[PDB]
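Novice: Provided herewith: entry_6.tsv, TSV, C-alpha atoms.
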chain	number	residue	atom	x	y	z
R	1	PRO	CA	-33.26	3.38	-65.89
R	2	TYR	CA	-34.28	1.57	-62.69
R	3	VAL	CA	-37.96	1.37	-61.82
R	4	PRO	CA	-40.12	-0.38	-59.26
R	5	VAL	CA	-41.81	-3.58	-60.39
R	6	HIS	CA	-43.20	-5.18	-57.20
R	7	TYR	CA	-44.30	-3.73	-53.83
R	8	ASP	CA	-42.61	-5.73	-51.07
R	9	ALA	CA	-44.18	-4.13	-47.94
R	10	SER	CA	-44.37	-1.21	-45.53
R	11	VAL	CA	-41.99	-0.21	-42.76
E	1	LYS	CA	-49.14	-7.17	-72.80
E	2	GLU	CA	-48.38	-4.70	-69.99
E	3	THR	CA	-44.82	-4.34	-68.75
E	4	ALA	CA	-44.15	-5.14	-65.08
E	5	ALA	CA	-43.22	-1.43	-64.61
E	6	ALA	CA	-46.66	-0.43	-65.93
E	7	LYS	CA	-48.44	-3.06	-63.84
E	8	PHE	CA	-46.76	-1.51	-60.72
E	9	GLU	CA	-48.09	1.93	-61.63
E	10	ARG	CA	-51.61	0.65	-62.29
E	11	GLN	CA	-51.70	-1.23	-58.97
E	12	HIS	CA	-49.91	1.04	-56.53
E	13	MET	CA	-49.75	4.60	-57.83
E	14	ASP	CA	-52.27	7.09	-56.51
E	15	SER	CA	-50.63	10.51	-56.91
E	16	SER	CA	-53.83	12.57	-57.18
E	17	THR	CA	-54.75	12.19	-53.52
E	18	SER	CA	-52.51	12.82	-50.48
E	19	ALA	CA	-54.34	10.18	-48.43
E	20	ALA	CA	-57.25	7.74	-48.41
E	21	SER	CA	-60.39	9.82	-48.83
E	22	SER	CA	-62.88	7.68	-46.94
E	23	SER	CA	-63.77	4.10	-45.95
E	24	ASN	CA	-64.89	3.45	-49.47
E	25	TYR	CA	-61.44	4.33	-50.94
E	26	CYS	CA	-60.18	0.73	-51.28
E	27	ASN	CA	-63.54	-0.33	-52.60
E	28	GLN	CA	-63.40	2.26	-55.36
E	29	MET	CA	-59.74	2.03	-56.25
E	30	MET	CA	-59.52	-1.79	-56.41
E	31	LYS	CA	-62.37	-1.60	-58.96
E	32	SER	CA	-61.03	1.43	-60.81
E	33	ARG	CA	-57.55	-0.05	-61.29
E	34	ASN	CA	-59.27	-3.15	-62.64
E	35	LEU	CA	-58.08	-5.24	-59.65
E	36	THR	CA	-61.45	-6.95	-59.08
E	37	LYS	CA	-62.15	-8.07	-62.67
E	38	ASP	CA	-61.68	-11.88	-62.46
E	39	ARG	CA	-60.86	-12.53	-58.82
E	40	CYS	CA	-60.83	-10.25	-55.73
E	41	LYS	CA	-57.13	-9.31	-55.33
E	42	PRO	CA	-57.02	-9.82	-51.52
E	43	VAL	CA	-54.32	-7.32	-50.53
E	44	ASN	CA	-52.92	-4.24	-52.25
E	45	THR	CA	-51.14	-0.96	-51.47
E	46	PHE	CA	-51.60	2.51	-53.03
E	47	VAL	CA	-48.82	5.13	-52.50
E	48	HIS	CA	-49.89	8.77	-52.46
E	49	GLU	CA	-46.57	10.24	-53.68
E	50	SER	CA	-45.42	11.50	-57.06
E	51	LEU	CA	-44.12	8.85	-59.51
E	52	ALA	CA	-40.72	10.50	-59.44
E	53	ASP	CA	-40.42	10.07	-55.65
E	54	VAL	CA	-41.43	6.38	-55.80
E	55	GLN	CA	-39.03	5.86	-58.77
E	56	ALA	CA	-36.29	7.45	-56.68
E	57	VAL	CA	-36.61	4.72	-54.00
E	58	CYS	CA	-34.76	2.40	-56.40
E	59	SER	CA	-31.67	4.49	-55.58
E	60	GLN	CA	-32.21	4.40	-51.81
E	61	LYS	CA	-31.56	1.73	-49.08
E	62	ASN	CA	-30.79	-1.71	-50.55
E	63	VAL	CA	-32.36	-4.53	-48.56
E	64	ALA	CA	-33.32	-8.15	-49.14
E	65	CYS	CA	-36.80	-8.80	-50.57
E	66	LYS	CA	-39.08	-11.28	-48.80
E	67	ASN	CA	-38.19	-13.88	-51.44
E	68	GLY	CA	-34.49	-13.60	-50.68
E	69	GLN	CA	-33.60	-11.60	-53.82
E	70	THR	CA	-31.47	-8.47	-53.15
E	71	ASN	CA	-33.07	-6.04	-55.61
E	72	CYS	CA	-35.30	-4.48	-52.92
E	73	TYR	CA	-35.03	-0.88	-51.77
E	74	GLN	CA	-36.47	0.87	-48.77
E	75	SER	CA	-37.48	4.55	-48.92
E	76	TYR	CA	-35.22	6.66	-46.66
E	77	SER	CA	-38.33	8.65	-45.78
E	78	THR	CA	-41.87	7.71	-44.83
E	79	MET	CA	-44.43	7.99	-47.65
E	80	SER	CA	-48.29	8.31	-47.51
E	81	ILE	CA	-49.88	4.90	-48.33
E	82	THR	CA	-53.23	3.10	-48.07
E	83	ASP	CA	-53.42	-0.64	-47.34
E	84	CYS	CA	-56.41	-2.41	-48.89
E	85	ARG	CA	-57.36	-5.81	-47.39
E	86	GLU	CA	-60.28	-7.96	-48.52
E	87	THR	CA	-62.83	-8.40	-45.75
E	88	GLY	CA	-63.67	-11.79	-44.33
E	89	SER	CA	-67.16	-11.81	-45.79
E	90	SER	CA	-66.23	-10.51	-49.23
E	91	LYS	CA	-66.72	-12.73	-52.25
E	92	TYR	CA	-66.38	-12.41	-55.98
E	93	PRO	CA	-67.88	-10.44	-57.57
E	94	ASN	CA	-68.89	-8.11	-54.69
E	95	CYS	CA	-65.33	-7.42	-53.50
E	96	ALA	CA	-65.18	-5.61	-50.12
E	97	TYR	CA	-62.09	-4.00	-48.51
E	98	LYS	CA	-61.08	-2.31	-45.26
E	99	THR	CA	-58.90	0.73	-45.94
E	100	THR	CA	-56.01	1.75	-43.71
E	101	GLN	CA	-54.29	5.13	-44.26
E	102	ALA	CA	-50.72	5.22	-42.87
E	103	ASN	CA	-47.33	6.92	-43.25
E	104	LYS	CA	-44.55	4.28	-43.66
E	105	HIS	CA	-41.23	3.48	-45.48
E	106	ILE	CA	-42.10	1.53	-48.65
E	107	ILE	CA	-40.02	-1.40	-49.90
E	108	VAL	CA	-40.09	-2.10	-53.65
E	109	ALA	CA	-38.27	-4.49	-56.02
E	110	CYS	CA	-36.60	-2.56	-58.89
E	111	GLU	CA	-35.57	-3.54	-62.42
E	112	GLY	CA	-34.33	-1.49	-65.46
E	113	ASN	CA	-37.06	-0.04	-67.76
For the file at hand, write its structure as structure tokens.

Specialist:
Amino acid sequence: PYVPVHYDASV
Amino acid sequence: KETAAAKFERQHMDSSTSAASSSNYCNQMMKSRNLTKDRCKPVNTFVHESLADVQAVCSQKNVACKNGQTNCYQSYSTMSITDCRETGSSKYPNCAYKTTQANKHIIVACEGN
């Protein structure tokens, strides 16, 4: 239904 | 024509390893995932968690994305990741990368599939 499409960053 | 969902998996999913093997991990993986084919992608992250767990982040802590959009979500928990960063001396086509293994919260933009 809702999936990741871009990695924004860590911590 | 590869969906954006699929492009995310190819670029950031590494579920068959719990952590960055060696120093050569970024080197290998950027090549393997076809991320050094035209240009040297300069920065990239691989998450060492199951797909399900990364997909679940989309239902976790809602936060702004860097671009100001509000479809970003932060993992409640820390996940195993590897940061790949092109070295200073690297140049196409001999892409070189420093690999950094870490445990951190990931932040991802989500969309429907």

Novice: With a cut-off of 8 Å, could you pull out the residues of stretch 18-68 of chain E touching stretch 2-9 of chain R and give me the nearest pair of atoms for each, distance in Å to one decimal, using only C-alpha atoms, ordered by chain and ascending number, as JSON lines?

Specialist:
{"residue": "E:45", "atom": "CA", "partner": "R:7", "partner_atom": "CA", "distance": 7.7}
{"residue": "E:54", "atom": "CA", "partner": "R:4", "partner_atom": "CA", "distance": 7.7}
{"residue": "E:55", "atom": "CA", "partner": "R:3", "partner_atom": "CA", "distance": 5.5}
{"residue": "E:58", "atom": "CA", "partner": "R:2", "partner_atom": "CA", "distance": 6.4}
{"residue": "E:65", "atom": "CA", "partner": "R:8", "partner_atom": "CA", "distance": 6.6}
{"residue": "E:66", "atom": "CA", "partner": "R:8", "partner_atom": "CA", "distance": 7.0}

Novice: Can you write just those residues out, C-alpha atoms, as a compact mmCIF listing (two decimals), in the coordinates of the input?

Specialist:
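out.txt, freshly written:
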# COMPACT_ATOMS: atom_id res chain seq x y z
CA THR E 45 -51.14 -0.96 -51.47
CA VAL E 54 -41.43 6.38 -55.80
CA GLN E 55 -39.03 5.86 -58.77
CA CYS E 58 -34.76 2.40 -56.40
CA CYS E 65 -36.80 -8.80 -50.57
CA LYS E 66 -39.08 -11.28 -48.80

Novice: Within 10 Å of chain R, which residues belong to chain E? Use only C-alpha atoms and report them as a ChimeraX atom specification.

Specialist: /E:3-9,11-12,44-46,51-52,54-59,64-67,71-75,78-79,81,83,102-113

Novice: I need the residues from that last selection saved to file as a PDB file, in the frame of the given file (with C-alpha atoms), if you can.

Specialist:
ATOM      1  CA  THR E   3     -44.820  -4.340 -68.750  1.00  0.00           C
ATOM      2  CA  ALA E   4     -44.150  -5.140 -65.080  1.00  0.00           C
ATOM      3  CA  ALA E   5     -43.220  -1.430 -64.610  1.00  0.00           C
ATOM      4  CA  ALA E   6     -46.660  -0.430 -65.930  1.00  0.00           C
ATOM      5  CA  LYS E   7     -48.440  -3.060 -63.840  1.00  0.00           C
ATOM      6  CA  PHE E   8     -46.760  -1.510 -60.720  1.00  0.00           C
ATOM      7  CA  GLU E   9     -48.090   1.930 -61.630  1.00  0.00           C
ATOM      8  CA  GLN E  11     -51.700  -1.230 -58.970  1.00  0.00           C
ATOM      9  CA  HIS E  12     -49.910   1.040 -56.530  1.00  0.00           C
ATOM     10  CA  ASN E  44     -52.920  -4.240 -52.250  1.00  0.00           C
ATOM     11  CA  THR E  45     -51.140  -0.960 -51.470  1.00  0.00           C
ATOM     12  CA  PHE E  46     -51.600   2.510 -53.030  1.00  0.00           C
ATOM     13  CA  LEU E  51     -44.120   8.850 -59.510  1.00  0.00           C
ATOM     14  CA  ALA E  52     -40.720  10.500 -59.440  1.00  0.00           C
ATOM     15  CA  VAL E  54     -41.430   6.380 -55.800  1.00  0.00           C
ATOM     16  CA  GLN E  55     -39.030   5.860 -58.770  1.00  0.00           C
ATOM     17  CA  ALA E  56     -36.290   7.450 -56.680  1.00  0.00           C
ATOM     18  CA  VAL E  57     -36.610   4.720 -54.000  1.00  0.00           C
ATOM     19  CA  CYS E  58     -34.760   2.400 -56.400  1.00  0.00           C
ATOM     20  CA  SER E  59     -31.670   4.490 -55.580  1.00  0.00           C
ATOM     21  CA  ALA E  64     -33.320  -8.150 -49.140  1.00  0.00           C
ATOM     22  CA  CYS E  65     -36.800  -8.800 -50.570  1.00  0.00           C
ATOM     23  CA  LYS E  66     -39.080 -11.280 -48.800  1.00  0.00           C
ATOM     24  CA  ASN E  67     -38.190 -13.880 -51.440  1.00  0.00           C
ATOM     25  CA  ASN E  71     -33.070  -6.040 -55.610  1.00  0.00           C
ATOM     26  CA  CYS E  72     -35.300  -4.480 -52.920  1.00  0.00           C
ATOM     27  CA  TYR E  73     -35.030  -0.880 -51.770  1.00  0.00           C
ATOM     28  CA  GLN E  74     -36.470   0.870 -48.770  1.00  0.00           C
ATOM     29  CA  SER E  75     -37.480   4.550 -48.920  1.00  0.00           C
ATOM     30  CA  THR E  78     -41.870   7.710 -44.830  1.00  0.00           C
ATOM     31  CA  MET E  79     -44.430   7.990 -47.650  1.00  0.00           C
ATOM     32  CA  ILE E  81     -49.880   4.900 -48.330  1.00  0.00           C
ATOM     33  CA  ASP E  83     -53.420  -0.640 -47.340  1.00  0.00           C
ATOM     34  CA  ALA E 102     -50.720   5.220 -42.870  1.00  0.00           C
ATOM     35  CA  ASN E 103     -47.330   6.920 -43.250  1.00  0.00           C
ATOM     36  CA  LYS E 104     -44.550   4.280 -43.660  1.00  0.00           C
ATOM     37  CA  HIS E 105     -41.230   3.480 -45.480  1.00  0.00           C
ATOM     38  CA  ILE E 106     -42.100   1.530 -48.650  1.00  0.00           C
ATOM     39  CA  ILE E 107     -40.020  -1.400 -49.900  1.00  0.00           C
ATOM     40  CA  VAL E 108     -40.090  -2.100 -53.650  1.00  0.00           C
ATOM     41  CA  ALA E 109     -38.270  -4.490 -56.020  1.00  0.00           C
ATOM     42  CA  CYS E 110     -36.600  -2.560 -58.890  1.00  0.00           C
ATOM     43  CA  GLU E 111     -35.570  -3.540 -62.420  1.00  0.00           C
ATOM     44  CA  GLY E 112     -34.330  -1.490 -65.460  1.00  0.00           C
ATOM     45  CA  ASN E 113     -37.060  -0.040 -67.760  1.00  0.00           C
TER      46      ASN E 113
END

Novice: Atom CA of residue E:35 and atom CA of residue E:16 are how many Å apart?

Specialist: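 Between these atoms lies a distance of 18.5 Å.
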
Novice: Residues within 10 Å of residue E:37, please, as number ranges by chain. Count all atoms listed in the file; anything in the same chain fewer than 6 positions from it doesn't count.

Specialist: E: 30-31, 92-93, 95

Novice: Box for stretch 91-99 of chain E - axis-aligned, 6 Å on each of the six sides, all listed atoms - centre and size in Å to one decimal, as JSON.

Specialist:
{"center_x": -63.9, "center_y": -6.0, "center_z": -51.4, "size_x": 22.0, "size_y": 25.5, "size_z": 24.3}

Novice: Interatomic distance between atom CA of residue E:90 and atom CA of residue E:18?

Specialist: 27.1 Å

Novice: Go ahead and compute the interatomic distance for atom CA of residue E:42 and atom CA of residue E:86, in Å to one decimal.

Specialist: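 Atom CA of residue E:42 sits 4.8 Å away from atom CA of residue E:86.
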
Novice: Identify, on the basis of all atoms listed in the file, every residue whose closest approach to residue E:101 does not exceed 9 Å; exclude the query and any residue fewer than 6 positions from it along the same chain; express the result as a PyMOL selection string.

Specialist: chain E and resi 19-21+80-83

Novice: Could you complete chain R so that it carries N, CA and C atoms, and give it back as an mmCIF file, in the frame of the given file?

Specialist:
data_model
loop_
_atom_site.group_PDB
_atom_site.id
_atom_site.type_symbol
_atom_site.label_atom_id
_atom_site.label_comp_id
_atom_site.auth_asym_id
_atom_site.auth_seq_id
_atom_site.Cartn_x
_atom_site.Cartn_y
_atom_site.Cartn_z
ATOM 1 N N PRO R 1 -34.350 4.378 -65.944
ATOM 2 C CA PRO R 1 -33.260 3.380 -65.890
ATOM 3 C C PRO R 1 -33.614 2.244 -64.974
ATOM 4 N N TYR R 2 -33.915 2.582 -63.735
ATOM 5 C CA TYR R 2 -34.280 1.570 -62.690
ATOM 6 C C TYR R 2 -35.618 1.975 -62.114
ATOM 7 N N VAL R 3 -36.607 1.092 -62.298
ATOM 8 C CA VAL R 3 -37.960 1.370 -61.820
ATOM 9 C C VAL R 3 -38.514 0.198 -60.984
ATOM 10 N N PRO R 4 -39.437 0.548 -60.115
ATOM 11 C CA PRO R 4 -40.120 -0.380 -59.260
ATOM 12 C C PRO R 4 -41.038 -1.298 -60.106
ATOM 13 N N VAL R 5 -41.002 -2.549 -59.669
ATOM 14 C CA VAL R 5 -41.810 -3.580 -60.390
ATOM 15 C C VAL R 5 -42.653 -4.448 -59.519
ATOM 16 N N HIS R 6 -42.433 -4.420 -58.205
ATOM 17 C CA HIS R 6 -43.200 -5.180 -57.200
ATOM 18 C C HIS R 6 -43.139 -4.371 -55.873
ATOM 19 N N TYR R 7 -44.207 -4.423 -55.123
ATOM 20 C CA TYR R 7 -44.300 -3.730 -53.830
ATOM 21 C C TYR R 7 -43.991 -4.831 -52.805
ATOM 22 N N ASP R 8 -42.957 -4.679 -52.039
ATOM 23 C CA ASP R 8 -42.610 -5.730 -51.070
ATOM 24 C C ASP R 8 -43.337 -5.537 -49.745
ATOM 25 N N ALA R 9 -43.529 -4.393 -49.204
ATOM 26 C CA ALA R 9 -44.180 -4.130 -47.940
ATOM 27 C C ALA R 9 -43.845 -2.708 -47.481
ATOM 28 N N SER R 10 -44.371 -2.326 -46.377
ATOM 29 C CA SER R 10 -44.370 -1.210 -45.530
ATOM 30 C C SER R 10 -43.555 -1.509 -44.205
ATOM 31 N N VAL R 11 -42.872 -0.552 -43.780
ATOM 32 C CA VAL R 11 -41.990 -0.210 -42.760
ATOM 33 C C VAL R 11 -40.956 -1.309 -42.519
#
